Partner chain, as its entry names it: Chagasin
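Next up: a single chain in structure tokens, the form deposited without its partner chain.
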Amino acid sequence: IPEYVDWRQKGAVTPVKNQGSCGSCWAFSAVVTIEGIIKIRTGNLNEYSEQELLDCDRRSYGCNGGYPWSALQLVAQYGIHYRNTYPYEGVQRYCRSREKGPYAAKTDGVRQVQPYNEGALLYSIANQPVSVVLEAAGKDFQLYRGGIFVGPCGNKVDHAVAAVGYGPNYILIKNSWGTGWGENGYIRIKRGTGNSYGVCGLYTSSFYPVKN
């Protein structure tokens, strides 16, 4: 795999979103991997509905948090609508997939990256954007304004984001806190420290959709 990967330069990443007060990061995370894999397989970049996952993933807890892998299984099992037809409201409502007509896209499954393995994650990122989790509650992460983030942070992961790239000394993360946070909405997190958790627990739980 190359020294540098940036799925934004291959046009597989849509604009940075803001999840708002809602703890819907798990849905935003899952969506950017869906947006990535559909662009990689069909050449078409579309935005898909975080709100639909928010409303429809019964295993997750809406704005109280949830599981990227459950959201990803939902899209594998049923499908997902365009963001335009099912826009983000920042509040869990009822599942309205059936009122929105046919699904815009479907995936074929979900795989977990082998946990606590930096190489395994990098290999997956070289293939497609990956849903990863990290500890975002620390003030240093929240006040991140740019550069390669090394912490401080622990491993109490609490926030789902998407890895969309990497370089020799970092992994490139799309956050869902709007374009004003970090590097126009992104954070580069140090890799290669030999801590098997990853910086801020980044290697704890990583998932990507499969599309044949």
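Residue numbers count along the first chain shown, from 1.
What follows is about the form solved in complex with its partner chain, which we do not show.
**Q** For the three residues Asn18, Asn64 and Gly180, which mark the spot I'm curious about, does each lie within 4.5 Å of its partner chain in the deposited complex through at least one heavy atom?
**A** Yes.
**Q** Should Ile171 be classed as touching its partner chain in the deposited complex when contacts are defined as heavy atoms within 4.5 Å?
**A** Output for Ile171 is no: heavy atoms all beyond 4.5 Å of its partner chain.
**Q** Should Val133 be counted as a contact of its partner chain in the deposited complex, where contact means heavy atoms within 4.5 Å?
**A** Looking in the deposited complex, residue contacts with its partner chain include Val133, since a heavy atom lies within 4.5 Å.
**Q** Do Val157 and its partner chain share at least one heavy atom pair within 4.5 Å in the deposited complex?
**A** Contact check for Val157: yes, within 4.5 Å of its partner chain in the deposited complex.
**Q** Does its partner chain get within 4.5 angstroms of any non-hydrogen atom of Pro68 in the deposited complex?
**A** So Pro68 counts as contacting its partner chain.
**Q** Though its partner chain is not shown, can you say which of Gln77, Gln142, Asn84, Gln114 has a heavy atom within 4.5 Å of it in the deposited complex?
**A** When its partner chain is considered in the deposited complex, the option within 4.5 Å is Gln142.
**Q** Tell me, out of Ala137, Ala120, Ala126, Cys95, which residue has a non-hydrogen atom within 4.5 angstroms of its partner chain in the deposited complex.
**A** So the residue touching its partner chain in the deposited complex, by this definition, is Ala137.
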